[PDB]
Amino acid sequence: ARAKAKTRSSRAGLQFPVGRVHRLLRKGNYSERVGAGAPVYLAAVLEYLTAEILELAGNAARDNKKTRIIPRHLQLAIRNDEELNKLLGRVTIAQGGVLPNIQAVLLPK
Amino acid sequence: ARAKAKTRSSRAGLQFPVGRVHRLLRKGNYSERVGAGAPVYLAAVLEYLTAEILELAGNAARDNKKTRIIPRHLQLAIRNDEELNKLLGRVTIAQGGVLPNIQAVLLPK
Amino acid sequence: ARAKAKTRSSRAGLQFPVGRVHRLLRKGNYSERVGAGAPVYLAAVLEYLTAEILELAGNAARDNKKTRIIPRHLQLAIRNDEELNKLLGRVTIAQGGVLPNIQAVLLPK
Amino acid sequence: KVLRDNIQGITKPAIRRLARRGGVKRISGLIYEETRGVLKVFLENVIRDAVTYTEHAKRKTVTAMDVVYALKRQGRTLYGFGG
Amino acid sequence: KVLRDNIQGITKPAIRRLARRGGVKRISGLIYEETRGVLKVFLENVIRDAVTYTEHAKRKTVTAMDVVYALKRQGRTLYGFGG
Amino acid sequence: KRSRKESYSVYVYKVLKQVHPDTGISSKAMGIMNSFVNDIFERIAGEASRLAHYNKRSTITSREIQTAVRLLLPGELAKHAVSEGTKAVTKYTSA
Amino acid sequence: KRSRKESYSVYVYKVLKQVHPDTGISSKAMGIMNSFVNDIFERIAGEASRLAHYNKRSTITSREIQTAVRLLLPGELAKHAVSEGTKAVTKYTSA
Amino acid sequence: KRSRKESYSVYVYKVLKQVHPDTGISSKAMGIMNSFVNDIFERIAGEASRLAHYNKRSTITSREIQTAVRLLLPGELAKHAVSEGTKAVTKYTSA
Amino acid sequence: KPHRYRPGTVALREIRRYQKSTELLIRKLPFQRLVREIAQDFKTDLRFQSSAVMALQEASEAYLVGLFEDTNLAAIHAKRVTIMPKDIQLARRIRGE
Amino acid sequence: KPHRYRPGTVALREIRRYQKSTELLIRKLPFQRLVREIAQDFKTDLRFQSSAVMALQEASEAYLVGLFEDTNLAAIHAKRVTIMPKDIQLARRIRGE
């Protein structure tokens, strides 16, 4: 007499797993008691965050005419967004490189 | 009928409260369970740090011939010890001020 | 119905035997009456002095790459501190030798 | 209540006082404007953080303990206010 | 079994390549040894905590995960090796 | 076999086919993605824990999670985040 | 009728006495010490929770506490600190 | 078996395993350690009897041997040993 | 003729004074007025505990004075004694803000 | 006449070349030898994953390239184009180590 086994990510209509992060907060020791809506909230936040960084990365990959995403494009995408750079100024990307940047006085006349 | 009341700080033989640190770590939510010696050890290392920093506070106070401490002397104590500065680089003391420090080029001749 | 035989060395939380030192004061013929705190105090000061001279033994052993103490380590430890020298000016250590010390006029040009 | 030009409420000789505490021997006349700007940015960030803290707290009043939290999460911790 | 000098294993042209990636077009001769010194400092600060992490795990083989923890505690967190 | 090891590969791969059906991933880039998910996840979780400790509340709820993302994520990205998250709340409350 | 606000004030004043019986205290410096011990306490507690999470231990033990003591405190402070902590936990073990 | 010869070997062994778990002991240096502990004991106990004599006091207590260690052993080690001795007599006072 | 010190001597004197002193170098009332004025921009009708205002007072003074020895190191690093706005811009951008 | 470029032009060309490329600049086996050497200074006989060594070398090169871009900013601020170790000492002092 049980209902169909339905998923909370589909209940939000989002793709990140609600139950996984709910378990993660239950075992990550941040509260002993967890509300229902907060894991849904954070899952939506993170899925969107992946959405804009994947958009920037895919646009960079299309600009560099490569159809499979590479860490160099990740570095070039994140270092070219001001608010994400403020978010991610203190983090280092493996095999990433940096922005192409020369100073004006370093260039010849 | 019952054992006489004697505190766990006496059992450790040190002044910081074993019971209060135990309670704060239990409700500070850092693990599901807590070992017995861990908060005792934490209180011991804290009181060691307080021991040395109040030694520095005391002798800096006798440098200025004041029997009651000023936070100026605390800032002097933190900035005159290199390892305590390394512990406390990114924290500033209220009414702390700065070390007496002049650049050599700023002096005459 | 007797309580468990628990030791005054543990009561002072120190390694040196409080009872044996008390006995050796009692039959050392220094007073017919002796307080309880005096052998504890003696145990304390002798712990601290043996502790500091054993730290000196440890680093004097370690910098000469030896993991077992030798009386040369003891001599080099004691004679390199002036304060223990004022404690132990008239004191000879067996197989201790002397400090490496050559007067400046003895050295060639 | 409602005010307009309090960026100049930090006077130029007060900025000179901070600079002499900083050990500055000579100060340009241009300095005071960008010091006002940098102070503006810094206070704007930390008080945005503080008002975020207290609006979570369902308090209409600013508390110092929230200011302590806001400063220490930015890596500029202060002592002396119950933190 | 033991090694005594590999700080010269970071050669000058590798430093030069780093400086070009750093955007330096002109490098003094005095740069290389002091960059080796600060590299020495940074590697000591990371590997001390790294082997500390390792020994608490009762392992004699290090994990890269512990290196991730060491760098993120030091404030230079790394992406690309967790998991 | 081997004990199961968690990853975020498949979810980010659905996100990719939603945002760019044409492209693929490198495993190095996906390692960076997993590190990113875990890093931002722990930052907001630590904010959640400290804020719940500050107001002496035994529960964690979404309300301080808007507080956390608004303090941590800057500006318009944060307000966008509020938009999708609160509408996700509306669908979850409507089940 | 009032409700308490705790502090570390009595312990700081006592340890001030056995370090130096003849010196005084100002209240705002004593609050600075209160917040200082709170800050060191929270740093060690968070690092301890992280280490317990890393080695999948649900119990926090003194082993990782003193491990964190070397982790944060530099050198001289660390080695003396582990010295008093070790001798203290041995006195407690005897107790 | 021969009658017991009481010596101060095992205690120095224990205190060295608090101060250096790793380092070893030569037996002639160990006799040297017994000579320090016995000799300083002799000096301080004779001074304690003497100071009890001059103030016409029948009882050897901690305060006059504090006086004596301030007399003989100089300066920094003296004031530190005063600190551990006060700590020890206070905690032994608390049994 | 009236006494007049050479430049820098007086400045070194209050350098020594304010290094010795700990008191707050900003006038309290316009400072808290600025705090209330800017705090109005994010939410209306905020009330302030005074101790919070003095706390963020020394927070501001500490932040500015820290970037001031940063500026001083930049200025002596360029073999100059007078600071310029690009010194502060340099110092902040090295700190990464 | 054998061709020879004017100085800095080729240097700018490696700037562009290794700033477009990401592949690692240091020989990995000597730095592996060095990290084993410095690891033995704390505790005897450690074993290393190659993943750990490569991960720490990205972290190291990121730290170095950060401090080179800071000393670029310092040297340009000093109206010069050549880096000298006092510029690096300035940058390390400003960052707060």
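Everything below is about the structure shown above.
**Q** What's the story with the overall build of chain D in this structure? I'm lost.
**A** When helices and strands are tallied, chain D shows three helices and three strands. Walking chain D from its N terminus toward its C terminus, one meets helices and strands in the order α-β-α-β-α-β. A globule of 83 residues ought to have a C-alpha radius of gyration of about 12 Å, yet chain D, at 16 Å, is considerably larger. For chain D, the C-alpha atoms occupy an extent of roughly 45 × 30 × 15 Å along the three principal directions.

**Q** Would you mind showing me how to read the overall build of chain F here?
**A** When its secondary structure is counted, chain F shows four helices and two strands. Starting at the N terminus and ending at the C terminus, chain F contains elements arranged as α-β-α-β-α-α. The C-alpha radius of gyration computed for chain F amounts to 16 Å, which surpasses the reference 12 Å derived for 95 residues by more than 25%, pointing to a less compact arrangement than a globule. Its C-alpha atoms give chain F principal-axis dimensions of about 45 × 30 × 30 Å. Of the roughly 5,000 Å² that chain F leaves accessible, carbon and sulfur atoms contribute 56%. Seen as two clouds, the 16 positive and the 8 negative side-chain charges of chain F have centres 6 Å apart.

**Q** Help me out: how do you make sense of the interface of chain A and chain J in this one?
**A** Reports often express the size of an interface as the amount of accessible area lost when the parts come together. Counting from both sides, the interface comprises 16 residues of chain A and, opposite them, 11 residues of chain J. With both sides pooled, the region where chain A packs onto chain J buries about 1,200 Å², and carbon together with sulfur makes up 66% of that total. The largest contributions to the chain A side of the interface with chain J come from A:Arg72, A:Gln95 and A:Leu106, which together make up 37% of the buried area. The interface formed by chain A and chain J holds zero salt bridges in total.

**Q** Please explain helix α2 (residues 28-39) of chain J as it appears in this structure.
**A** What sets the pattern is the α-helix's 3.6 residues per turn: residues three or four places apart point alike. Here α2(J) spans 16 Å end to end across 12 residues, near enough to the 16 Å set by a 1.5 Å rise per residue. Residues of α2(J) that are buried: J:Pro30, J:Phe31, J:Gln32, J:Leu34, J:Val35, J:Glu37, J:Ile38 and J:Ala39. Considering only its buried residues, α2(J) is in contact with α2 (31-56) of chain E together with α3 (50-77) of chain J.

**Q** Even after reading the chapter, I still don't get helix α2 (residues 27-54) of chain H, so can you show me in this structure?
**A** The end-to-end C-alpha distance of α2(H) is 40 Å, a good match for the 40 Å that 28 residues give at a rise of 1.5 Å each. Looking at the residues trailing α2(H), positive phi occurs at H:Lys56, about 60°.

**Q** Please explain the interface of chain F and chain A as it appears in this structure.
**A** On the side of chain A, 54 residues touch chain F, which itself brings 52 residues to the contact. Of the roughly 4,700 Å² buried at the junction of chain F and chain A (both faces included), carbon and sulfur atoms supply 72%. Where chain F meets chain A, there are one salt bridge. Close ionic contact of A:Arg20 with F:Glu6 constitutes a salt bridge, the shortest N to O distance being 2.3 Å. For the pair chain F and chain A, the interface holds 14 residue pairs in polar contact. Residue composition of the side of chain F that touches chain A, by class: 28 nonpolar, 17 polar and seven charged. When strand β2 (residues 68-69) of chain A meets strand β1 (residues 24-25) of chain F, the two strands line up parallel, connected through two bridges. Bridged to A:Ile69 within β1(F) is F:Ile25.

**Q** Help me out: how do you make sense of the packing of helix α2 (residues 31-56) of chain D against helix α3 (residues 50-77) of chain I in this one?
**A** Each pair of packed helices gets described by two things: the angle between the helix axes and the distance between those axes. Two numbers describe how α2(D) lies on α3(I): the axes approach to 11 Å, and their chain directions differ by 135°. Judged by the angle between their axes, α2(D) and α3(I) are oblique. Considering only the axes of α2(D) and α3(I), their crossing is right-handed. For the pair formed by α2(D) and α3(I), the contact residues are D:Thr35, D:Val38, D:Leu39, D:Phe42 and D:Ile47 on the first element and I:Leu56, I:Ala59, I:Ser60, I:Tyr63, I:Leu64, I:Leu67 and I:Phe68 on the second. Along the lines of polarity and charge, the residues of the contact of α2(D) with α3(I) split into 10 nonpolar, two polar and no charged.

**Q** Please explain the packing of aromatic side chains as it appears in this structure.
**A** How two aromatic rings sit relative to each other is set out by the distance from centre to centre and by the angle between their planes. The tally for this structure, following the rule as stated, stands at 11 aromatic pairs over all chains. Here B:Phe16 and G:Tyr11 contribute two aromatic rings whose centre-to-centre distance is 6.3 Å and whose plane-to-plane angle is 85°, an arrangement assigned as edge-to-face. A residue pair is termed interchain when its members come from two chains, as with B:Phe16 in the loop between α1 (8-12) and α2 (18-28) and G:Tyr11 in helix α1 (residues 9-19). Connected via pairs of aromatic rings, a cluster forms that spans D:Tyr53, D:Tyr69 and F:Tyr54. In this structure, A:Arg20 is placed above the aromatic ring of F:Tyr8, and the distance from its NZ or CZ to the ring centre is 5.8 Å. Above the face of the E:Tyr32 ring, E:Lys12 is positioned so that its terminal group lies 5.9 Å from the ring centre.

**Q** Before we go on, may I ask you to explain the nonpolar core in this structure?
**A** Counting residues in hydrophobic clusters, the biggest one holds 55 residues, and the most contacted among them are C:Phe16, C:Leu49, C:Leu54, H:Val12, H:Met33, H:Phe36 and H:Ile65. Among the elements that make up this core, the one with the highest residue count is helix α3 (residues 37-63) of chain C (14 residues). Here H:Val12 is in contact with C:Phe16, C:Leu54, H:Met30 and H:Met33, once residues within four sequence places are set aside.

**Q** How should the side chain of H:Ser26 be read in this particular structure?
**A** The topology assignment puts H:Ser26 in the loop between α1 (9-19) and α2. With a relative accessible area of 12%, H:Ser26 lands in the buried category. Excluding anything up to four places from it in sequence, H:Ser26 contacts C:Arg68, C:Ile69, C:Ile70 and C:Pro71.

**Q** How do you make sense of the arrangement of the chains when you look at a structure like this?
**A** Note that chain B does not reach chain C: the shortest distance linking a C-alpha of one to a C-alpha of the other is 8 Å. Contact between chain G and chain J is absent, and the least distance between their C-alpha atoms amounts to 12 Å.

**Q** Is there a simple way to explain the pattern of salt bridges in this structure?
**A** Side-chain pairs of opposite charge can arise whenever the charged atoms involved come near each other. Inspection of every chain in the model, using the stated rule, returns 26 salt bridges over all chains. Of the charged contacts, one joins E:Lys40 and E:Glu44 as a salt bridge, the two residues approaching to 2.4 Å between their closest N and O atoms. Residue E:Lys40 and its partner E:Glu44 are located together in helix α2, separated by four residues, close to a single helical turn. For E:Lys40, a relative accessible area of 26% corresponds to the partly exposed category. Between H:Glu47 and H:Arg50 there is a salt bridge, and its shortest N-O distance comes to 2.5 Å. Taken together, the positions of H:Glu47 and H:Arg50, both in helix α2 and three residues apart, correspond to about one turn of that helix. What makes H:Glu47 buried here is its relative accessible area of 18%.

**Q** What should I look at first to understand the side chain of B:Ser9 in this one?
**A** Residue and element names in this part refer to chain B. Structurally, the position occupied by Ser 9 is in helix α1. For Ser 9, a relative accessible area of 10% translates into the label buried. A polar contact of 2.9 Å, which involves the side chain of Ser 9, links it to the backbone oxygen of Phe 16. Beyond its immediate chain neighbours, meaning those up to four positions away, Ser 9 contacts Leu 14, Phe 16, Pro 17 and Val 18.

**Q** Could you clarify how one ought to interpret a positive patch on the surface in this entry?
**A** Residues B:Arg23, B:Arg26, B:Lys27 and G:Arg4 make up a contiguous surface patch of positive charge. Along the polypeptide, B:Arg23 turns up in helix α2. Accessibility expressed as a relative area gives 40% for B:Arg23, which makes it partly exposed.

**Q** Quick question: what am I supposed to make of the environment of G:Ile25 here?
**A** Mapped onto the elements of the fold, G:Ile25 is located in the loop between α1 and α2 (27-54). With a relative accessible area of 23%, G:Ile25 lands in the partly exposed category. If near-sequence neighbours (up to four positions away) are discounted, G:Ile25 is found in contact with B:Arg68, B:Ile69, G:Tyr13, G:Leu16 and G:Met30.

**Q** Mind showing me how you'd approach unusual backbone geometry here?
**A** A positive phi angle, near 60°, is found at B:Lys65, a position not held by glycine. You can call B:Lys65 exposed: its relative accessible area is 63%. Even without being a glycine, G:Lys56 presents a positive backbone phi close to 50°. Looking at where G:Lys56 falls in the secondary structure, it is placed in the loop between α2 and β1 (59-60).

**Q** Can you help me understand the environment of I:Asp41 in this one?
**A** Residue and element names in this part refer to chain I. With respect to the secondary-structure elements, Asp 41 resides in the loop between α2 (28-39) and β1 (47-48). Take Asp 41: its relative accessible area is 57%, and that puts it in the exposed class. Along the primary structure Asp 41 and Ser 60 are separated by 19 residues, whereas in three dimensions their C-alpha atoms are 19 Å apart.

**Q** Please clarify how a nonpolar patch on the surface should be interpreted in this entry.
**A** All names here are of chain C. A cluster of nonpolar side chains, contributed by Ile 102, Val 105, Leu 106 and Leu 107, occupies part of the molecular surface with about 460 Å² of accessible area. As for its placement among the helices and strands, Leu 106 is situated in the segment after α5 (82-87). The exposure class of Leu 106 is exposed, given its relative accessible area of 60%.

Cut-offs used in this document
- Residues numbered from 1 in each chain as written, not as in the entry; some residues may be left out.
- Chains lettered and ligands numbered in written order.
- Part of a larger assembly, values for the part shown.
- Heavy atoms only, no water.
- Helix = DSSP H or I, 4+ residues; strand = E, 2+ residues; numbered from the N terminus.
- Rg over C-alpha atoms; globule rule 2.2 N^0.38 Å.
- Areas by Shrake-Rupley, 256 points an atom, 1.4 Å probe, with all protein chains shown as cover.
- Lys, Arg positive; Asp, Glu negative; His and termini not counted.
- Charge placed at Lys NZ, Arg CZ, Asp CG, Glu CD.
- Contact = heavy atoms within 4.5 Å.
- Buried area = accessible area lost by both parts, 1.4 Å probe.
- Salt bridge = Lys/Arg side-chain N within 4 Å of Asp/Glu carboxyl O.
- Expected span 1.5 Å × (residues − 1).
- Buried < 20%, exposed > 50% of the residue type's maximum accessible area, 1.4 Å probe, protein only.
- Polar contact = N/O pair within 3.5 Å; in protein donor to acceptor, adjacent residues only side chain to side chain.
- Nonpolar A, V, L, I, M, F, W, Y, C, P; charged D, E, K, R; others polar.
- Pairing = 2+ DSSP bridges.
- Axes fitted to C-alpha atoms, helices over the stretch in contact; angles between N-to-C directions.
- Parallel < 35°, antiparallel > 145°, perpendicular 65-115°, else oblique.
- Left-handed = near helix turned anticlockwise from the far one by under 90°.
- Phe/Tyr/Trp six-rings, centres within 6.5 Å; stacked < 30°, edge-to-face > 60°.
- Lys NZ or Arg CZ within 6 Å of the ring centre and 35° of its normal.
- Core = buried A, V, L, I, M, F, W, Y, C linked by side-chain atoms within 4.5 Å.
- Patch = residues over 30% accessible without salt bridge, like charges linked within 9 Å, V, L, I, M, F, W, Y side chains within 5 Å.

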